[PDB]
Amino acid sequence: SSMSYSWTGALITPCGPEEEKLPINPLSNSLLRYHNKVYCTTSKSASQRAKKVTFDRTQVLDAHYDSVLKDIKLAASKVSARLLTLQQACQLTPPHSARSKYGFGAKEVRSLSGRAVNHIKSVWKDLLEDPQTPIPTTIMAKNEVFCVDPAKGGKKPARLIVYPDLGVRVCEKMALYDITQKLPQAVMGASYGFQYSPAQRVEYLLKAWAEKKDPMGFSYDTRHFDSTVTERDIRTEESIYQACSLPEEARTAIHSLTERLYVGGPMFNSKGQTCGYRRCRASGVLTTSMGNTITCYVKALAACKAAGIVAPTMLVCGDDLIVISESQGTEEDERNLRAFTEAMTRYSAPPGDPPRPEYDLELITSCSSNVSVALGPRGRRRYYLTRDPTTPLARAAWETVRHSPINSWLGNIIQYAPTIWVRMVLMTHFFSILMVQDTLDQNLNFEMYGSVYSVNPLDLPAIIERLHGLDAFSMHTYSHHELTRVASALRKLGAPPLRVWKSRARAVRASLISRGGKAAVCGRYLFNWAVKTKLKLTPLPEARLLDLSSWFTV
Ligand SMILES: Cc1cc2nc3c(=O)[nH]c(=O)nc-3n(C[C@H](O)[C@H](O)[C@H](O)COP(=O)(O)OP(=O)(O)OC[C@H]3O[C@@H](n4cnc5c(N)ncnc54)[C@H](O)[C@@H]3O)c2cc1C
Ligand SMILES: Nc1ccn([C@@H]2O[C@H](COP(=O)(O)OP(=O)(O)O)[C@@H](O)[C@H]2O)c(=O)n1
Ligand SMILES: [Mn+2]
Ligand SMILES: [Mn+2]
């Protein structure tokens with residue numbers, strides 16, 4: 001039926017500058033050596049990304065989907081949501097969020113400057129009163145940093161980002177913000193993924209695998225998900241929102257937003273030229289993650305009914321998906337996943353990689369992360385969440401005039417603290433730099449789902465214990481997979497081997513303990529793995545005092 005995009009063929013122009021790599025990346029050139037392999041996407045590769053995401057889509061709904069949708073709209077019916085006040089909505093604007101054509105910006109919006117408050121009042125009135133005219137959107141390349149893959153044809157092209165004006169975005173929060181904070185949890189329950197700390201996520205997969213008598217899991221990511229959301233998906237989700245107990249002013253605005261923005265609108269490049277028209281999900285609206293994750297839930301859950309996936313347990317993070325279910329022999333299980341894929345493709349959510357039933361939890365990957373196991377001193381199996389370190393390393397090497405990679409180092413040390421690569425590579429380089437910089441106690445930002453939290457480098461031991469527990473400073477024997485992947489990435493990036501890092505880590509332990517105080521606790525804990533004779537670490541009193549709830553939620 002419907003064509004995802006159409007293109008006037010104007011360029012997808014960049015937004016401001018696109019910083020270049022420098023001839024010395026002086027923070028990360030003691031980390032890895034092949035700074036050529038570390039590249040950043042760019043509006044140049046936008047034309048190529050355009051060509052891969054455009055295609056006529058044909059959706060084929062059936063009674064499994066119809067059944068599922070109703071059980072979800074009934075789950076949504078249990079919801080009460082409230083409008084956000086124009087001012088609440090305003091103060092949710094991120095401090096550096098892209099400014100408005102009408103000369104004002106995140107600065108003024110969060111300050112409740114009267115100029116903006118007015119123009120946003122006039123936006124929201126026109127939202128309620130006119131429920132048809134399209135809302136112009138801006139399309140721009142997305143810039144993000146990757147390592148090259150010569151197997152994947154070199155350098156990825158830049159993901160497309162489409163978003164409305166800054167005044168608009170605040171009204172989406174007035175109409176919809178409250179729903180984003182409740183509906184995914186009300187519809188899916190524990191199937192909802194973005195509520196779990198890494199350890200909590202691991203506990204869930206473990207709980208699920210254990211309660212099958214013969215489990216079988218697989219993962220599913222949809223190829224170019226933002227472009228396979230059809231106009232009927234986006235309206236079907238508006239009727240999921242409308243299932244909720246809402247005030248009448250909200251429903252009007254919601255409906256107007258769906259008709260005028262969400263189901264599609266003309267896209268403008270940064271120079272203003274009409275760039276094309278969009279008939280799919282704009283990645284950039286408030287509902288981008290709620291909408292993906294819920295649309296994904298039904299499609300995948302209906303396709304589950306359609307394949308005869310037995311006793312399925314689901315974990316949905318955006319378009320990524322894990323399904324630990326009941327096995328029907330290796331022979332039938334294979335057959336079902338084809339039915340799954342076919343069903344999904346019939347729903348306009350075709351995969352990039354054909355799913356495959358797996359029977360070993362380490363071999364199942366989704367959300368770029370997998371589970372894994374290590375022994376401790378106790379000879380006892382401890383499970384953790386790890387991932388391919390090739391990209392986190394690459395982003396640890398992004399140094400330009402304008403961006404310093406250290407926040408990224410924090411982010412990883414926090415998120416994948418138990419990993420052999422964080423413990424032995426990142427943590428080593430982190431403190432090694434901070435101490436020489438003599439900024440070991442200057443605060444750092446840790447970013448996650450758009451929230452930023454203030455984090456001080458010397459608190460890392462108690463933070464990591466509240467999130468991962470003391471077992472994180474005692475991982476004895478890593479899996480043969482992890483050992484191979486970590487080795488493999490260090491080679492691929494010209495970083496020194498893990499043997500080397502053990503020598504350098506010994507040193508950082510010395511200076512850290514020799515600074516005493518908090519620095520010394522970082523030594524004895526974060527680098528206990530490094531020493532011939534391990535100190536018996538005990539709980540930290542600070543750990544019990546920490547509130548890390550909203551970190552890994554939404
Ligand atoms: C609602 C939401 C908002 C986010 N906002 C920001 C932000 O403003 N600035 C920033 O630097 N990072 C943002 N992120 C990414 C976030 O910081 C983490 O990196 C995120 O958990 C992805 O982890 P990952 O790279 O291992 O998953 P991935 O390997 O990237 O797999 C993709 C899955 O994770 C989600 N995801 C990954 N990257 C993003 C992204 N930029 N935006 C939205 N979803 C993403 C997708 O929903 C998808 O389900 C956001 C993530 C979510 C889910
Ligand atoms: N940096 C990012 C990455 C993904 N996303 C969204 O989350 C979805 C995840 O899809 P993905 O990461 O597997 O890549 P695609 O399949 O969309 O090409 C995207 O379609 C986008 O809608 C985003 O909004 N910002
Ligand atoms: Mn995808
Ligand atoms: Mn994905």
# chains A, B, ... in the order shown; residues from 1 in each chain; ligands from 1
>>> closest_atom_pairs(of="chain A", to="ligand 4", cutoff="9 Å", atoms="only C-alpha atoms and all ligand atoms", output="Markdown table")
| residue | atom | partner | partner_atom_place_in_ligand_line | distance |
| --- | --- | --- | --- | --- |
| A:220 | CA | ligand 4 | 1 (Mn) | 8.5 |
| A:221 | CA | ligand 4 | 1 (Mn) | 5.3 |
| A:222 | CA | ligand 4 | 1 (Mn) | 6.8 |
| A:223 | CA | ligand 4 | 1 (Mn) | 8.2 |
| A:224 | CA | ligand 4 | 1 (Mn) | 8.5 |
| A:225 | CA | ligand 4 | 1 (Mn) | 7.8 |
| A:317 | CA | ligand 4 | 1 (Mn) | 7.6 |
| A:318 | CA | ligand 4 | 1 (Mn) | 6.2 |
| A:319 | CA | ligand 4 | 1 (Mn) | 4.7 |
| A:320 | CA | ligand 4 | 1 (Mn) | 4.5 |
| A:321 | CA | ligand 4 | 1 (Mn) | 8.2 |
| A:366 | CA | ligand 4 | 1 (Mn) | 7.9 |
| A:367 | CA | ligand 4 | 1 (Mn) | 6.3 |
| A:368 | CA | ligand 4 | 1 (Mn) | 8.1 |
>>> residues_around(residues="residue 115 in chain A", least_positions_apart="5", cutoff="10 Å", atoms="only C-alpha atoms", output="list in words")
residues 102, 103, 104, 108, 109 and 120 of chain A
>>> residues_around(residues="residue 160 in chain A", least_positions_apart="3", cutoff="9 Å", atoms="only C-alpha atoms", output="list in words")
residues 46, 49, 50, 139, 140, 141, 142, 282 and 283 of chain A
>>> closest_residue(among="A:210, A:460, A:128, A:199", to="residue 259 in chain A", atoms="only C-alpha atoms")
A:128
>>> residues_around(residues="residue 377 in chain A", least_positions_apart="2", cutoff="10 Å", atoms="only C-alpha atoms", output="list in words")
residues 375, 379, 380, 381, 471, 474, 475, 476, 477 and 534 of chain A
>>> write_last_selection(atoms="N, CA, C and O atoms", output="PDB file, in the first residue's frame")
ATOM      1  N   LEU A 375      33.352 -17.807  37.072  1.00  0.00           N
ATOM      2  CA  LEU A 375      33.528 -18.273  38.429  1.00  0.00           C
ATOM      3  C   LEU A 375      34.005 -17.115  39.291  1.00  0.00           C
ATOM      4  O   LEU A 375      34.485 -16.105  38.789  1.00  0.00           O
ATOM      5  N   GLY A 379      34.473 -20.747  43.498  1.00  0.00           N
ATOM      6  CA  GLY A 379      34.177 -21.757  42.489  1.00  0.00           C
ATOM      7  C   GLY A 379      32.738 -21.740  42.039  1.00  0.00           C
ATOM      8  O   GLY A 379      32.273 -22.688  41.400  1.00  0.00           O
ATOM      9  N   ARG A 380      32.036 -20.665  42.350  1.00  0.00           N
ATOM     10  CA  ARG A 380      30.599 -20.559  42.240  1.00  0.00           C
ATOM     11  C   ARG A 380      30.265 -19.771  40.978  1.00  0.00           C
ATOM     12  O   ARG A 380      30.966 -18.818  40.625  1.00  0.00           O
ATOM     13  N   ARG A 381      29.232 -20.212  40.265  1.00  0.00           N
ATOM     14  CA  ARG A 381      28.873 -19.573  39.009  1.00  0.00           C
ATOM     15  C   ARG A 381      28.194 -18.243  39.268  1.00  0.00           C
ATOM     16  O   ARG A 381      27.194 -18.151  39.979  1.00  0.00           O
ATOM     17  N   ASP A 471      30.336  -9.286  44.086  1.00  0.00           N
ATOM     18  CA  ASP A 471      30.895 -10.301  43.200  1.00  0.00           C
ATOM     19  C   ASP A 471      31.632  -9.688  42.014  1.00  0.00           C
ATOM     20  O   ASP A 471      32.469 -10.367  41.404  1.00  0.00           O
ATOM     21  N   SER A 474      35.446  -9.719  42.024  1.00  0.00           N
ATOM     22  CA  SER A 474      35.961 -11.049  42.324  1.00  0.00           C
ATOM     23  C   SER A 474      35.698 -12.059  41.216  1.00  0.00           C
ATOM     24  O   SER A 474      35.588 -13.254  41.508  1.00  0.00           O
ATOM     25  N   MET A 475      35.585 -11.630  39.967  1.00  0.00           N
ATOM     26  CA  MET A 475      35.267 -12.548  38.884  1.00  0.00           C
ATOM     27  C   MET A 475      36.526 -13.308  38.499  1.00  0.00           C
ATOM     28  O   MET A 475      37.440 -12.736  37.902  1.00  0.00           O
ATOM     29  N   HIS A 476      36.561 -14.602  38.809  1.00  0.00           N
ATOM     30  CA  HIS A 476      37.784 -15.376  38.657  1.00  0.00           C
ATOM     31  C   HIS A 476      38.020 -15.810  37.216  1.00  0.00           C
ATOM     32  O   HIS A 476      39.044 -15.473  36.616  1.00  0.00           O
ATOM     33  N   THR A 477      37.103 -16.566  36.638  1.00  0.00           N
ATOM     34  CA  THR A 477      37.392 -17.241  35.379  1.00  0.00           C
ATOM     35  C   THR A 477      36.345 -16.877  34.341  1.00  0.00           C
ATOM     36  O   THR A 477      35.190 -17.281  34.459  1.00  0.00           O
ATOM     37  N   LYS A 534      45.025 -11.651  46.913  1.00  0.00           N
ATOM     38  CA  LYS A 534      43.810 -10.845  46.918  1.00  0.00           C
ATOM     39  C   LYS A 534      43.322 -10.537  48.327  1.00  0.00           C
ATOM     40  O   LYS A 534      43.136 -11.445  49.143  1.00  0.00           O
TER      41      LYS A 534
END
>>> residues_around(residues="residue 118 in chain A", least_positions_apart="3", cutoff="12 Å", atoms="only C-alpha atoms", output="list in words")
residues 86, 87, 90, 102, 104, 108, 109, 112, 113, 114, 115, 121, 122, 123, 124, 125 and 167 of chain A
>>> select_by_dssp(residues="range 110-297 of chain A", states="strand (DSSP E or B)", output="JSON, numbers by chain")
{"A": [137, 138, 139, 140, 141, 145, 146, 147, 149, 154, 160, 161, 162, 163, 192, 215, 216, 217, 218, 219, 220, 222, 245, 265, 266, 267, 268, 274, 275, 276, 277, 278]}
>>> write_last_selection(atoms="C-alpha atoms", output="short mmCIF file (atom, residue, chain, number, x, y, z; two decimals), in the first residue's frame")
data_model
loop_
_atom_site.label_atom_id
_atom_site.label_comp_id
_atom_site.auth_asym_id
_atom_site.auth_seq_id
_atom_site.Cartn_x
_atom_site.Cartn_y
_atom_site.Cartn_z
CA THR A 137 9.59 18.26 10.58
CA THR A 138 13.34 18.54 10.23
CA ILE A 139 15.38 15.63 8.99
CA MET A 140 19.08 15.48 9.76
CA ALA A 141 21.71 12.79 9.70
CA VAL A 145 30.98 6.83 16.35
CA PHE A 146 31.78 3.27 15.28
CA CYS A 147 34.70 1.04 14.54
CA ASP A 149 33.91 -3.37 9.86
CA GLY A 154 33.44 -0.43 5.67
CA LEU A 160 18.07 9.34 9.90
CA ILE A 161 16.58 11.57 12.61
CA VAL A 162 13.29 13.44 12.07
CA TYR A 163 11.83 15.79 14.69
CA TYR A 192 8.94 -4.39 29.40
CA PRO A 215 13.94 -23.91 27.24
CA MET A 216 14.78 -22.44 23.86
CA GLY A 217 15.44 -18.81 23.22
CA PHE A 218 15.94 -16.57 20.21
CA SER A 219 16.40 -12.89 19.49
CA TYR A 220 14.78 -10.65 16.88
CA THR A 222 13.62 -5.57 12.94
CA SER A 245 -8.60 7.20 31.24
CA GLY A 265 4.58 14.90 7.49
CA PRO A 266 6.91 16.71 5.11
CA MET A 267 10.57 16.67 6.02
CA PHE A 268 12.89 19.68 5.72
CA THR A 274 11.74 20.57 1.40
CA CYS A 275 13.62 17.28 1.57
CA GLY A 276 10.79 14.82 1.07
CA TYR A 277 7.77 13.37 2.76
CA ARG A 278 7.56 10.75 5.46
#
>>> select_by_dssp(residues="range 112-205 of chain A", states="alpha helix (DSSP H)", output="PyMOL selection string")
chain A and resi 114-129+166-172+178-180+183-188+198-205
>>> write_last_selection(atoms="N, CA, C and O atoms", output="compact mmCIF listing (two decimals), in the first residue's frame")
# COMPACT_ATOMS: atom_id res chain seq x y z
N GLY A 114 8.83 34.31 29.23
CA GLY A 114 7.51 34.59 28.72
C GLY A 114 7.39 34.50 27.21
O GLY A 114 6.32 34.16 26.69
N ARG A 115 8.46 34.84 26.48
CA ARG A 115 8.37 34.77 25.03
C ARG A 115 7.95 33.38 24.61
O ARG A 115 6.96 33.21 23.89
N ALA A 116 8.64 32.37 25.13
CA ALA A 116 8.37 31.00 24.74
C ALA A 116 7.01 30.55 25.24
O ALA A 116 6.16 30.13 24.45
N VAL A 117 6.78 30.65 26.56
CA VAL A 117 5.50 30.33 27.17
C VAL A 117 4.35 30.81 26.28
O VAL A 117 3.36 30.11 26.10
N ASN A 118 4.51 31.99 25.67
CA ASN A 118 3.47 32.48 24.78
C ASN A 118 3.39 31.65 23.52
O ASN A 118 2.34 31.06 23.21
N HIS A 119 4.48 31.61 22.75
CA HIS A 119 4.46 30.87 21.50
C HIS A 119 4.06 29.41 21.69
O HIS A 119 3.46 28.81 20.79
N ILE A 120 4.37 28.82 22.84
CA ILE A 120 3.96 27.44 23.08
C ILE A 120 2.47 27.38 23.41
O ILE A 120 1.78 26.45 22.99
N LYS A 121 1.96 28.37 24.14
CA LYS A 121 0.51 28.47 24.31
C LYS A 121 -0.19 28.54 22.96
O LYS A 121 -1.22 27.89 22.77
N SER A 122 0.37 29.31 22.02
CA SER A 122 -0.26 29.48 20.70
C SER A 122 -0.11 28.22 19.85
O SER A 122 -0.95 27.96 18.97
N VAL A 123 0.95 27.45 20.08
CA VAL A 123 1.08 26.14 19.45
C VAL A 123 -0.04 25.23 19.92
O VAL A 123 -0.81 24.69 19.11
N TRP A 124 -0.18 25.09 21.23
CA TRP A 124 -1.11 24.11 21.79
C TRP A 124 -2.56 24.46 21.49
O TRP A 124 -3.39 23.56 21.33
N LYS A 125 -2.89 25.74 21.43
CA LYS A 125 -4.23 26.11 21.00
C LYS A 125 -4.47 25.62 19.58
O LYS A 125 -5.43 24.89 19.32
N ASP A 126 -3.56 25.96 18.67
CA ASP A 126 -3.66 25.49 17.30
C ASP A 126 -3.59 23.97 17.19
O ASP A 126 -4.11 23.41 16.22
N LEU A 127 -2.98 23.29 18.15
CA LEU A 127 -3.06 21.84 18.21
C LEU A 127 -4.49 21.39 18.44
O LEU A 127 -4.99 20.49 17.77
N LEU A 128 -5.15 21.99 19.43
CA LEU A 128 -6.51 21.59 19.74
C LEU A 128 -7.46 21.96 18.61
O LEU A 128 -8.33 21.16 18.23
N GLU A 129 -7.30 23.15 18.05
CA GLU A 129 -8.32 23.67 17.16
C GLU A 129 -8.22 23.11 15.75
O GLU A 129 -9.25 22.82 15.13
N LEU A 166 10.84 22.99 18.30
CA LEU A 166 10.98 22.92 19.75
C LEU A 166 9.68 23.25 20.49
O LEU A 166 9.38 22.65 21.53
N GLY A 167 8.91 24.22 20.00
CA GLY A 167 7.59 24.46 20.57
C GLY A 167 6.71 23.22 20.56
O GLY A 167 6.06 22.89 21.56
N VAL A 168 6.69 22.50 19.43
CA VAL A 168 5.94 21.25 19.32
C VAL A 168 6.33 20.28 20.41
O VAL A 168 5.48 19.73 21.12
N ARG A 169 7.64 20.02 20.53
CA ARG A 169 8.09 18.94 21.39
C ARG A 169 7.58 19.13 22.80
O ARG A 169 7.31 18.15 23.50
N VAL A 170 7.40 20.38 23.23
CA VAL A 170 6.93 20.60 24.58
C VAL A 170 5.47 20.19 24.74
O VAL A 170 5.07 19.68 25.79
N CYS A 171 4.66 20.40 23.70
CA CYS A 171 3.26 19.99 23.76
C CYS A 171 3.12 18.48 23.73
O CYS A 171 2.22 17.93 24.37
N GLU A 172 3.98 17.78 22.98
CA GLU A 172 3.97 16.33 23.05
C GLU A 172 4.14 15.88 24.49
O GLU A 172 3.55 14.89 24.91
N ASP A 178 2.89 11.94 30.28
CA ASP A 178 2.45 11.08 31.36
C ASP A 178 2.21 9.66 30.87
O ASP A 178 2.54 8.69 31.56
N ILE A 179 1.66 9.52 29.67
CA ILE A 179 1.40 8.20 29.10
C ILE A 179 2.70 7.43 28.90
O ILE A 179 2.79 6.24 29.20
N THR A 180 3.73 8.11 28.38
CA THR A 180 5.01 7.42 28.22
C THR A 180 5.50 6.90 29.56
O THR A 180 6.22 5.90 29.61
N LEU A 183 2.19 3.70 30.28
CA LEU A 183 1.54 2.74 29.40
C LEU A 183 2.39 1.51 29.14
O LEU A 183 1.87 0.39 29.31
N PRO A 184 3.66 1.62 28.72
CA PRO A 184 4.45 0.40 28.48
C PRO A 184 4.43 -0.56 29.64
O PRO A 184 4.31 -1.77 29.44
N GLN A 185 4.48 -0.04 30.87
CA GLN A 185 4.45 -0.92 32.02
C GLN A 185 3.07 -1.52 32.22
O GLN A 185 2.95 -2.67 32.67
N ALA A 186 2.02 -0.78 31.88
CA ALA A 186 0.66 -1.27 32.05
C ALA A 186 0.28 -2.31 31.01
O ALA A 186 -0.54 -3.19 31.28
N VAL A 187 0.84 -2.20 29.82
CA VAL A 187 0.51 -3.12 28.75
C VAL A 187 1.30 -4.42 28.89
O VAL A 187 0.74 -5.51 28.90
N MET A 188 2.62 -4.31 29.03
CA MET A 188 3.49 -5.48 28.97
C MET A 188 3.86 -6.05 30.33
O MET A 188 4.13 -7.24 30.42
N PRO A 198 21.17 -3.72 34.34
CA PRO A 198 21.80 -4.92 33.75
C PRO A 198 21.65 -6.16 34.62
O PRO A 198 21.13 -7.17 34.15
N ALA A 199 22.04 -6.10 35.89
CA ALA A 199 21.88 -7.26 36.76
C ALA A 199 20.43 -7.69 36.84
O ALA A 199 20.14 -8.88 36.86
N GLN A 200 19.50 -6.74 36.92
CA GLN A 200 18.10 -7.10 37.03
C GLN A 200 17.61 -7.79 35.77
O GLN A 200 16.85 -8.76 35.83
N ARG A 201 18.04 -7.28 34.61
CA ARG A 201 17.77 -7.93 33.34
C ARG A 201 18.31 -9.35 33.34
O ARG A 201 17.63 -10.28 32.90
N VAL A 202 19.53 -9.54 33.83
CA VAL A 202 20.10 -10.88 33.86
C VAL A 202 19.25 -11.79 34.72
O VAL A 202 18.96 -12.94 34.35
N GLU A 203 18.82 -11.29 35.86
CA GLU A 203 18.00 -12.09 36.76
C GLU A 203 16.74 -12.57 36.05
O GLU A 203 16.30 -13.70 36.25
N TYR A 204 16.18 -11.71 35.20
CA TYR A 204 14.94 -12.03 34.52
C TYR A 204 15.13 -13.14 33.50
O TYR A 204 14.37 -14.12 33.49
N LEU A 205 16.11 -12.98 32.61
CA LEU A 205 16.44 -14.03 31.67
C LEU A 205 16.75 -15.33 32.40
O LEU A 205 16.30 -16.40 31.98
>>> residues_around(residues="range 26-42 of chain A", least_positions_apart="5", cutoff="10 Å", atoms="only C-alpha atoms", output="PyMOL selection string")
chain A and resi 13-14+18-21+140-150+154-159+390-391+393-399+404-406+425-426+428-430+433+490-496+501
>>> write_last_selection(atoms="N, CA and C atoms", output="compact mmCIF listing (two decimals), in the first residue's frame")
# COMPACT_ATOMS: atom_id res chain seq x y z
N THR A 13 21.24 17.90 4.72
CA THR A 13 22.37 18.72 5.10
C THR A 13 22.67 18.56 6.58
N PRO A 14 23.90 18.85 6.98
CA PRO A 14 24.29 18.69 8.39
C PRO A 14 23.79 19.86 9.24
N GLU A 18 30.59 19.29 11.78
CA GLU A 18 30.84 17.86 11.97
C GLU A 18 32.32 17.72 12.30
N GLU A 19 32.65 17.67 13.60
CA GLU A 19 34.04 17.80 14.03
C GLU A 19 34.91 16.75 13.37
N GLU A 20 36.15 17.12 13.08
CA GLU A 20 37.14 16.23 12.49
C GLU A 20 37.98 15.62 13.59
N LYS A 21 38.56 14.45 13.29
CA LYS A 21 39.56 13.87 14.17
C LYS A 21 40.81 14.75 14.15
N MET A 140 17.65 15.27 9.68
CA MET A 140 19.08 15.48 9.76
C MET A 140 19.72 14.12 9.92
N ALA A 141 20.94 13.98 9.39
CA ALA A 141 21.71 12.79 9.70
C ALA A 141 21.94 12.71 11.20
N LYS A 142 22.23 11.52 11.70
CA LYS A 142 22.70 11.38 13.07
C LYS A 142 24.17 11.06 13.05
N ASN A 143 24.92 11.73 13.90
CA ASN A 143 26.34 11.49 14.00
C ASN A 143 26.60 10.63 15.23
N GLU A 144 27.23 9.47 15.01
CA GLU A 144 27.62 8.57 16.08
C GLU A 144 28.87 7.84 15.61
N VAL A 145 29.62 7.31 16.57
CA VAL A 145 30.98 6.83 16.35
C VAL A 145 30.99 5.31 16.36
N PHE A 146 31.64 4.72 15.36
CA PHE A 146 31.78 3.27 15.28
C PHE A 146 33.20 2.90 14.90
N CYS A 147 33.52 1.63 15.14
CA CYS A 147 34.70 1.04 14.54
C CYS A 147 34.33 0.56 13.15
N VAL A 148 35.31 0.58 12.24
CA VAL A 148 35.04 0.07 10.91
C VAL A 148 34.83 -1.43 11.00
N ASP A 149 34.00 -1.94 10.11
CA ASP A 149 33.91 -3.37 9.86
C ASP A 149 34.15 -3.56 8.37
N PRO A 150 35.30 -4.10 7.96
CA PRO A 150 35.48 -4.40 6.54
C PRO A 150 34.56 -5.52 6.06
N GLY A 154 32.75 -1.63 5.23
CA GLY A 154 33.44 -0.43 5.67
C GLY A 154 32.63 0.38 6.68
N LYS A 155 32.16 1.54 6.25
CA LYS A 155 31.57 2.51 7.17
C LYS A 155 30.07 2.53 6.98
N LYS A 156 29.35 2.33 8.07
CA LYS A 156 27.90 2.47 8.04
C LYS A 156 27.53 3.88 7.58
N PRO A 157 26.37 4.03 6.94
CA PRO A 157 25.81 5.36 6.75
C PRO A 157 25.03 5.82 7.97
N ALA A 158 24.76 7.12 8.01
CA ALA A 158 24.23 7.80 9.19
C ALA A 158 22.73 7.58 9.35
N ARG A 159 22.31 7.11 10.52
CA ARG A 159 20.89 6.94 10.80
C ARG A 159 20.12 8.24 10.59
N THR A 390 33.85 -3.93 20.91
CA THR A 390 34.44 -3.21 19.80
C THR A 390 33.89 -1.81 19.69
N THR A 391 32.59 -1.64 19.85
CA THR A 391 32.10 -0.27 19.76
C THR A 391 32.44 0.54 21.00
N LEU A 393 34.96 0.53 22.81
CA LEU A 393 36.35 0.95 22.65
C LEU A 393 36.47 2.09 21.66
N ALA A 394 35.85 1.93 20.49
CA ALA A 394 35.88 2.97 19.48
C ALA A 394 35.43 4.30 20.05
N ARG A 395 34.35 4.29 20.83
CA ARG A 395 33.84 5.53 21.41
C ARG A 395 34.71 6.04 22.55
N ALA A 396 35.49 5.16 23.18
CA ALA A 396 36.54 5.59 24.09
C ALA A 396 37.69 6.28 23.37
N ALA A 397 37.69 6.32 22.04
CA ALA A 397 38.75 6.95 21.27
C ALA A 397 38.27 8.18 20.52
N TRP A 398 37.02 8.59 20.73
CA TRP A 398 36.51 9.78 20.08
C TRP A 398 36.98 11.01 20.85
N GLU A 399 37.85 11.78 20.20
CA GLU A 399 38.43 13.01 20.74
C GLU A 399 38.44 14.02 19.61
N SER A 404 34.93 15.18 24.55
CA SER A 404 35.88 14.39 25.30
C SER A 404 35.26 13.07 25.70
N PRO A 405 35.98 11.96 25.50
CA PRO A 405 35.37 10.64 25.61
C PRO A 405 35.15 10.17 27.04
N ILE A 406 35.51 10.97 28.04
CA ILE A 406 35.58 10.43 29.39
C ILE A 406 34.20 10.08 29.91
N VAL A 425 40.54 -3.30 31.21
CA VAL A 425 40.99 -2.28 30.28
C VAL A 425 40.46 -0.93 30.73
N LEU A 426 39.15 -0.75 30.72
CA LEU A 426 38.59 0.58 30.94
C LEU A 426 39.00 1.14 32.30
N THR A 428 41.28 0.56 34.22
CA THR A 428 42.70 0.87 34.24
C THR A 428 42.98 2.20 33.58
N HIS A 429 42.50 2.37 32.35
CA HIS A 429 42.76 3.61 31.62
C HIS A 429 42.06 4.80 32.29
N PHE A 430 40.85 4.59 32.79
CA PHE A 430 40.09 5.63 33.44
C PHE A 430 40.93 6.29 34.51
N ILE A 433 44.32 7.93 33.64
CA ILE A 433 44.20 9.28 33.09
C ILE A 433 43.85 10.27 34.19
N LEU A 490 40.67 -6.07 21.13
CA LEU A 490 41.93 -5.40 21.46
C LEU A 490 42.90 -5.43 20.28
N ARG A 491 43.04 -6.60 19.65
CA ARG A 491 43.82 -6.69 18.42
C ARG A 491 43.26 -5.78 17.34
N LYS A 492 41.94 -5.78 17.15
CA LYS A 492 41.37 -5.07 16.01
C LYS A 492 41.56 -3.57 16.13
N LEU A 493 41.74 -3.07 17.35
CA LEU A 493 41.89 -1.64 17.61
C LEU A 493 43.32 -1.22 18.00
N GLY A 494 44.29 -2.13 17.92
CA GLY A 494 45.64 -1.73 18.23
C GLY A 494 45.86 -1.42 19.69
N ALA A 495 44.95 -1.85 20.53
CA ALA A 495 45.16 -1.76 21.94
C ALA A 495 46.10 -2.87 22.38
N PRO A 496 46.77 -2.70 23.51
CA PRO A 496 47.67 -3.72 23.99
C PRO A 496 46.88 -4.87 24.58
N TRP A 501 47.68 -4.88 30.05
CA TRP A 501 46.83 -4.13 30.96
C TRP A 501 47.01 -4.59 32.39
>>> closest_residue(among="A:292, A:415, A:514, A:549", to="ligand 2", atoms="only C-alpha atoms and all ligand atoms")
A:292
>>> closest_residue(among="A:411, A:457, A:101, A:521", to="residue 431 in chain A", atoms="only C-alpha atoms")
A:457
>>> atom_distance(atom1="atom 35 (C, counted along the ligand's line) of ligand 1", atom2="CA of residue 207 in chain A")
23.3 Å
